[PDB]
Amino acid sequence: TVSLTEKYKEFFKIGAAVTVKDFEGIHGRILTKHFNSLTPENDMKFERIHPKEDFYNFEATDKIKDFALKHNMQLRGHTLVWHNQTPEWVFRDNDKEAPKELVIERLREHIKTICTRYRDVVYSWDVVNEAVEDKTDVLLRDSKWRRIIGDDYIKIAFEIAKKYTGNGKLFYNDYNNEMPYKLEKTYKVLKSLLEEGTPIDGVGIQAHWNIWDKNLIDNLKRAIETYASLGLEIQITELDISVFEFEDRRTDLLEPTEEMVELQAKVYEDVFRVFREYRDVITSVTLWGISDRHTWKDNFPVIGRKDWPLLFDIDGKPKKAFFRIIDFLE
C-alpha cells in the first residue's frame, strides 16, 4: 500500500477527474490514499455552473472544493472557455445575436465570479479548451466564441482569467496535441499568443490514448520538448488508456483480453517513465477517472459499451499498471 501521490510527490501532482459521487465508498478511499489533485469532471463547465445569466450552481463545486480542502488536495479548474457546453444565453441579446463586447463582458463576469470563489484551492485553470482546429487546415476551430469575439478571443480569455486567478497557473488544454499534425499547429498558435504577451503558463495534454498507438512514446517525447521550448509547463490533464483503437467500435467484450491487460500495463509504465524523465517540465498528471467502475470511455465514442482505461479495476483494486508505475526509486 504505497500512495501514488506520495510516491510521486517530488515529480508532480497526481490527480483524478471527479464528481461528488466519487467522495463515497471505494472511490473515496482511493482518492484520499493516492491523489493530491482533483479536476471537476463536469461541474465547472460553463453550462453546468452558469446555466442562466443570473443563476450559478455552486453546490457541486463547493462540495468538491470542501472535499479537497479537508483532504489536503487542490483542484484544476476545468474549464472556462470551450466551444461545447456553453449555454446559448451567453450569445444572445434578446432576439438578436449578442455583439462582441457584450459577450466579452459576460465572460468577464463569469470568470470573475467562478475564479474568485475557487482560486484559493485551484492551482491551475484550463482557461481555453480545444480552440485549435482538429479537422481542417485552418488554425482555429470555428466556435461561437471565435465567430463573435474574433481571433483575439484566446488572448482575451487569458488576460481576464489572470486578473482573477491569484497565482494559479493558466493553461491551454487540448487533445491529440502530441500528434505530429496537431503539435505543429498548436506550437504556432501558442508561440504567437506568447509573442503578444498572453499570460499562458502551460499546455494541457489531455492524453486520451489507447494501447495500440505505436507512435505514442515518440509523439509524447517530441510534444513535451516542443512545448517546453516555449517556456511552457506541461500538465497531463485527462489521461486514460483505452483498450480500443478509436475506430474499433466493437461492443462484445465483457472484459479485456490478456493481450490488452498486458499491453496496457506496459503502455502505462512507459508513459509514466516519460513523465518522470521530463519531471522538470511536468507539474501535474491527472487521470480521467478513478477506477474502471466509472469511465466516460464506456460511452464515448460508443454508447453503452465497456472500456477499462484506468489504474484501478472494476472492484477498485490496483491493476498491474499501478504496480508498474510505482516501480522506480528516486
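Quick note: we count residues from 1 along the sequence shown, nothing fancier.
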> Comparing 124 to 132 with 205 to 213, which has the greater mean CA B-factor as deposited?
Replying inline: 205 to 213
> Comparing 67 to 75 with 134 to 142, which has the greater mean CA B-factor as deposited?
Replying inline: 134 to 142
>> Highest recorded C-alpha temperature factor, please, choosing from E195, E238, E258, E101.
In response: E258
> Reading the B-factor column of the entry, which of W82, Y118, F171, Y181 has the highest value at its C-alpha atom?
Replying inline: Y181
>> Could you place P51 in the lowest, middle or highest third of its chain by Cα temperature factor, using the values in the record?
In response: lowest
>> Could you place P318 in the lowest, middle or highest third of its chain by Cα temperature factor, using the values in the record?
In response: highest
>> Split into thirds by Cα B-factor across the chain's modelled residues, where does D298 land: lowest, middle or highest?
In response: middle
> Which third, lowest, middle or highest, does the CA B-factor of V243 fall in along this chain?
Replying inline: middle
> Considering only modelled residues of the same chain, in which third does the CA B-factor of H27 rank: lowest, middle or highest?
Replying inline: middle
